[PDB]
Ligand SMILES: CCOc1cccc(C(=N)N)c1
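The chain that follows stands alone, in the form deposited without this ligand, written as structure tokens.
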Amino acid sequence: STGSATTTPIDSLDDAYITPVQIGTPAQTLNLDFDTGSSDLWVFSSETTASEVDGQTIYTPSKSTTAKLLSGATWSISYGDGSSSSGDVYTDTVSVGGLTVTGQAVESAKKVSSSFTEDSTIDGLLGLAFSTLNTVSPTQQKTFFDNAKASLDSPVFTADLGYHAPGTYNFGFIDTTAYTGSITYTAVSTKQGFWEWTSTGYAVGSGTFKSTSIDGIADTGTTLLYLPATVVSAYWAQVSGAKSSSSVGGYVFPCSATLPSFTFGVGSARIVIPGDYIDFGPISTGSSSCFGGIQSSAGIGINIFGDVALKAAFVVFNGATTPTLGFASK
């Protein structure tokens, strides 16, 4: 089997991408944030505290003839940005782009943190990291990809995120028309539960490539590119007037600037992020200070190849017995 679904930016900045997902019988379609940095499929629901729902579409398990309470199971998650959610668990039929999993754990939110409530466009998350990170207790549950893997034509999914435009998530096949050149594959460590890999270095604009190992994670659920402070300083030094602002929370730059590209290495291959992809717009409406899309990871504990980096590539998440990642230009 295969599946193919379009993923759409939630706003004009590509802050996140939503993909429609059919849950239950008859189908209830919710727009979920596919997140290769986490491993829970959780949704706003008829069980979510009413004051914490503000425009999201909800899953109502009582209206699904295939829903079954997973007795005794609870979940609770906290994300790198400080947001969180928790609740109970149903199993139900879940389909993405024509690919159907029966008995998928659908984690129904009883509580969500304010950042979720305040974003009416995201109805939940669909985690695509390794199932060892799934938070369901006392019986950990499998991700949608883990449940589908054995049925897929090939045990892979691909992320093809658009710049200011829709893109595609495919399951079970590699669309050879979706990229240019070849796909360069690179080793993955699953020891932390992430799609963790080592970039071979970077360049700023037309500058020389610096060969240096940068361990980080491929994370579709993170908006920006978070890298070591040395690398980030080297980038923003090429933008007149750019500076790190403690009060804003990162590097800002004059909105009148033209940003240089940023290149990252994948083995001997190179992925070029155009400068425009690094512009996240005014820090507040009407400001001439703009927020940068490359930020320091120093306060995180891990480097994160988020959407800013991934949208410059066609990315293969290869879930074979020994997982690997592939990157191609497009």
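Each residue number is its position in the shown sequence, starting from 1.
Of the two segments examined, 76-84 and 207-215, it is 76-84 that shows the higher average Cα temperature factor in the deposited entry.
Of the two stretches examined, 286-294 and 57-65, the record assigns the greater average C-alpha temperature factor to 57-65.
Taking only the listed residues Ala159, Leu227, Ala234, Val112, the entry reports the highest CA temperature factor at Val112. The residue among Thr222, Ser71, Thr198, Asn170 whose C-alpha atom has the highest B-factor in the PDB entry is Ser71. In the PDB entry, a CA B factor belonging to the lowest third of its chain's modelled residues is recorded for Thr19. When all modelled residues of the chain are sorted by CA temperature factor, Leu13 is found within the middle third. Remark: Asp40 belongs to the middle third of its chain, ranked by C-alpha B-factor as recorded.
When the modelled residues of the chain are ordered by their C-alpha B factor, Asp92 lands in the middle third. Residue-level temperature factors show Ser329 in the middle third of its chain, judged at the C-alpha atom.
Omitted from view is the form deposited with this ligand bound, to which the following refers.
Mapping the unseen interface onto this chain, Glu52 falls outside it, with no heavy atom inside 4.5 Å of this ligand in the deposited complex.
Although the partner is absent here, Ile271 sits far enough away that none of its heavy atoms falls within 4.5 Å of this ligand in the deposited complex. Among residues of the shown chain, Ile122 is one whose heavy atoms approach this ligand to within 4.5 Å in the deposited complex.
Although the partner is absent here, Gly181 lies well away from this ligand in the deposited complex, with no heavy atom inside 4.5 Å. In the deposited complex, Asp33, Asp35, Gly37, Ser38 are the residues of 20-53 with at least one heavy atom within 4.5 Å of this ligand, listed from first to last.
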